[PDB]
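Peer 1: Protein chains in written order, with the entry's author numbering: chain I, 1 to 215; chain C, 442 to 490; chain F, 1 to 230.
Beta carbons are placed, not taken as given, at the ideal position from N, Cα and C, and that holds for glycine.
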Amino acid sequence: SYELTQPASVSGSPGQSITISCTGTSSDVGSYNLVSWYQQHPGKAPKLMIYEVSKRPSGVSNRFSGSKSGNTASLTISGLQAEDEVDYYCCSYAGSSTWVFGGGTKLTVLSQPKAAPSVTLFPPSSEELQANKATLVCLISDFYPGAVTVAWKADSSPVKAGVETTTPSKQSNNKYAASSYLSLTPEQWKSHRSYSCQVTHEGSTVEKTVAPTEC
Amino acid sequence: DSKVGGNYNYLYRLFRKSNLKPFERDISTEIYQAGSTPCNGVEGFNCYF
Amino acid sequence: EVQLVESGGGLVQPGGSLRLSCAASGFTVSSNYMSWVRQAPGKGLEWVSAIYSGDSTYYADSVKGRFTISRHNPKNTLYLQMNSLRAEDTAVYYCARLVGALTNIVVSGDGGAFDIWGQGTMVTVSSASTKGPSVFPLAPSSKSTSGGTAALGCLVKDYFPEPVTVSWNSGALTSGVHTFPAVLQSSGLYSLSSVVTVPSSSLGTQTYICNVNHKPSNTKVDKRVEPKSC
Numbered sequence: 001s002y003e004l005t006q007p008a009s010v011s012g013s014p015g016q017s018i019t020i021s022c023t024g025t026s027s028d029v030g031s032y033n034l035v036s037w038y039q040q041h042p043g044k045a046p047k048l049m050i051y052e053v054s055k056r057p058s059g060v061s062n063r064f065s066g067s068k069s070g071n072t073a074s075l076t077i078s079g080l081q082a083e084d085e086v087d088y089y090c091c092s093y094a095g096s097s098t099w100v101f102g103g104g105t106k107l108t109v110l111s112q113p114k115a116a117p118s119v120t121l122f123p124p125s126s127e128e129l130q131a132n133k134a135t136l137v138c139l140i141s142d143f144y145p146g147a148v149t150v151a152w153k154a155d156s157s158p159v160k161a162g163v164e165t166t167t168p169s170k171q172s173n174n175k176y177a178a179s180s181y182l183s184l185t186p187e188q189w190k191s192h193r194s195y196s197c198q199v200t201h202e203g204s205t206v207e208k209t210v211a212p213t214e215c
Numbered sequence: 442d443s444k445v446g447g448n449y450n451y452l453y454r455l456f457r458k459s460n461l462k463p464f465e466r467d468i469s470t471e472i473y474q475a476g477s478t479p480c481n482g483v484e485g486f487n488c489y490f
Numbered sequence: 001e002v003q004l005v006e007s008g009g010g011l012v013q014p015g016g017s018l019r020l021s022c023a024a025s026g027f028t029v030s031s032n033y034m035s036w037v038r039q040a041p042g043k044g045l046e047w048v049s050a051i052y053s054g055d056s057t058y059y060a061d062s063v064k065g066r067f068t069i070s071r072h073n074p075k076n077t078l079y080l081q082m083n084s085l086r087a088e089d090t091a092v093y094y095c096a097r098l099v100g101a102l103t104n105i106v107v108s109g110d111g112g113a114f115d116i117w118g119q120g121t122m123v124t125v126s127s128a129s130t131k132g133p134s135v136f137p138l139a140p141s142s143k144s145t146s147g148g149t150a151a152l153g154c155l156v157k158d159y160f161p162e163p164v165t166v167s168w169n170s171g172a173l174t175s176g177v178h179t180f181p182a183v184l185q186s187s188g189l190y191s192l193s194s195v196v197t198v199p200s201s202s203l204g205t206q207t208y209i210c211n212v213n214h215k216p217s218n219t220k221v222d223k224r225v226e227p228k229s230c
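This is the structure in structure tokens:
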């Protein structure tokens, strides 16, 4: 319920310097000091890289720094690499040993090689048809930049009913993920001829066409 | 002054903020806290009640 | 050895309670750190649990009268009797550390360095009852066999509520394993995936066991993934 202003979308070229901020008020200008910056690969616990803004973490590469003045900020992230596309926060005091911090600046590193989205389409299993259910499991992996729109072609027909697609989630190889599902009935599964899953990733399209079981 | 389960009624102050003067008794539960800029102390780590 | 481990996970219904636990191993909780960060993916976070023992006035003006918790130092484990759990508290917590000022790490400075965490537990407060997950073996196709790398798995579909954990060959298959997170259906059901890229020559010869575990419903399914044998 307590939330402070941060620049959510930040980006910088590798080898450059970027500035990260988190907002306070006039009750935070006289003489305190408590600011420690975070680092999160999305989906797991954070990582410490910067604390004690202008001093030394024990084991940390010294390419990162911070700088402090007035209403003029910096978490100075310099020497950007391909592994800096991570979430960031600060820390701060709230008075009488209390605490508050900012709203999650998310860094995206550009100048990275674009990779075609690897798409795998799975038809429903035979016992799933025995279960009177049908699910088109479309799995898109290893794509960057992650701007994908999953389209379904039921015999060259765009079907939007029953389409559910996940949000882009970071993968191990500095790319994002997607897992889309089309939930249909076995009557509608064996009526159409073919089923294609397509994606629109930075203009590129990768399609997977599957067919119902022959026997 | 030796109980089988241990003595907990008595207490002892290992360290104090400031120096002392002869024939002085302190009646404050104020805290010992690393260097400067005290903590004020409520049972947590890297300061000292 | 030194590790924070979450334990005591179970199903919670509206009007009930449950005793969570964060156990430290290696370092005793009598003189160590515990910070309960509550995380909801995609949005901001909040540190809430205010239990620093000695029992004096230190609390946050947001959870007054809701989160009650006790202290047990010698056993090296803390229990969280989170009473009156609200259904809008769907988040996986983590007990973590910090840094103060006393010892050699700080002689001049401030501190405040969360550095060691737990793994979290999966506790869902849902009005509806728990349902056993349905495991459907997604078999390899002809394209996967002819493509050199076969893709196979078992879709976990139509389970409510979370969680479902999928392992391969009881830990005997780790290379190529990739787990695709669950989907939020319109009706509230969930469906996740787990695909391992295997050699195509190992189809049929090497058994593919996927272990699907759902703790609140207490269901474990050892599903066999077999090729299309018509």
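#1: Can you find a CB in chain F that lies within less than 8 Å of the CB of C/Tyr453?
#2: Using a Cβ-Cβ distance cut-off of 8 Å, determine whether C/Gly446 contacts chain F.
#3: With burial defined as no fewer than 16 other Cβ atoms inside 10 Å of the residue's Cβ, what is the status of F/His72: buried or exposed?
#4: Taking just the CA atoms, how far does I/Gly15 sit from I/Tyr144?
#5: Excluding sequence positions up to five away, which residues of its chain have a Cβ less than 6 Å from the Cβ of F/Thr130?
#6: Would you say C/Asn450 lies against chain F (beta-carbon separation less than 8 Å)?
#7: For I/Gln130, does the three-state DSSP call read helix, strand or coil?
#8: Quick check on this structure: which residue in F/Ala24, F/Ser200, F/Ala101 and F/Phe180 has the alpha carbon closest to the alpha carbon of F/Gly148?
#9: Out of F/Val48, F/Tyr33 and F/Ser127, state which residue places its alpha-carbon closest to the alpha-carbon of F/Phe67.
#10: Short of 7 Å in beta carbon distance, which residues of its chain neighbour F/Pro140, apart from the five on each side in sequence? Order them along the chain.
#11: List, in order along the chain, the chain I residues whose C-beta lies closer than 9 Å to that of F/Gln185?
#12: Pick from I/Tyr181, I/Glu52, I/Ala154 and I/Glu128: whose alpha carbon is nearest that of F/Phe114?
#13: Whose C-beta lies closer than 8 Å to the C-beta of F/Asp110 among residues of the same chain, with five residues either side of it excluded?
#14: Looking only at its own chain, which residues have a Cβ that is under 8 Å from the Cβ of F/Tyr79, when we skip the five neighbours before and after it?
#15: How about the region 22 to 36 of chain I and the region 79 to 99 of chain I: do they share at least three Cβ pairs that are nearer than 8 Å?
#16: Looking at the C-beta of F/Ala101, does it have a partner C-beta in chain C at a distance below 8 Å?
#17: Assign F/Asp55 to one of two classes, buried (16 or more other C-beta atoms within 10 Å of its C-beta) or exposed (fewer than that).
#18: In three-state DSSP terms, what is I/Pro186?
#19: Using alpha carbons as the reference points, say which of F/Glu6, F/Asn213 and F/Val135 lies closest to F/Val92.
#20: Hey, how far is the Cα of F/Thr121 from the Cα of C/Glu471?
#21: Can you pull the chain C residues whose beta carbon is under 9 Å from the beta carbon of F/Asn32, in chain order?
#22: What number of angstroms, rounded off, separates the C-alpha of I/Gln171 from the C-alpha of F/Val37?
#23: Kindly indicate which three-state DSSP category I/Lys55 falls into: helix, strand or coil?
#24: Under 9 Å between beta-carbons, which chain C residues line up against F/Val107? List them in chain order, please.
#25: State buried or exposed for residue 241 of chain F, treating a residue as buried only when at least 16 other CB atoms are found within 10 Å of its CB.
#26: Just the chain C side, please: which residues come within less than 7 Å of F/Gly111 by C-beta, in chain order?
#27: I/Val206 and I/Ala116 - do their beta-carbons sit closer together than 8 Å?
#28: Please report the straight-line C-alpha distance between F/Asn83 and F/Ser17, rounded to a whole angstrom.
#29: What are the boundary residues of the alpha helix (DSSP H) that includes F/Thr145?
#30: Would you say F/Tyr94 and I/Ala45 are within 8 Å of each other, going by their C-beta atoms?
#31: Quick check: what's the CA-CA separation for C/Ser469 versus F/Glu1?
#32: Rounded to the nearest angstrom, what separates F/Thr197 and I/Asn173 at their Cα positions?
#33: Please name the residues in the region 31 to 53 of chain I whose beta-carbon is closer than 8 Å to at least one beta-carbon of chain F, in chain order.
#34: Helix, strand or coil, according to DSSP, for F/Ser187 in the structure here?
#35: Is the distance from the Cβ of I/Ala154 to the Cβ of I/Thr185 below 8 Å?
#36: Assuming F/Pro133 contacts F/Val164 under a Cβ cut-off of 8 Å, what Cβ separation, rounded to an integer in Å, is found between them?
Peer 2: The short version:
#1: no
#2: no
#3: exposed
#4: 20 Å
#5: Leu11, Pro216 and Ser217
#6: no
#7: helix
#8: F/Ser200
#9: F/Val48
#10: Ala150, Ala151, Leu152, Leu203 and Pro227
#11: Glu164, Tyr181 and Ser183
#12: I/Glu52
#13: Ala101
#14: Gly8, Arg19, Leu20, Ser21, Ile69, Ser70 and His72
#15: yes
#16: yes
#17: exposed
#18: helix
#19: F/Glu6
#20: 39 Å
#21: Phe486
#22: 24 Å
#23: coil
#24: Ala475 and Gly476
#25: Coverage of chain F is limited to positions 1 through 230, which leaves residue 241 of chain F absent and any answer about it impossible.
#26: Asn487
#27: yes
#28: 5 Å
#29: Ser142 to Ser146
#30: yes
#31: 40 Å
#32: 16 Å
#33: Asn33, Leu34, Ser36, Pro42, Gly43, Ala45, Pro46, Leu48, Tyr51 and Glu52
#34: coil
#35: no
#36: 5 Å
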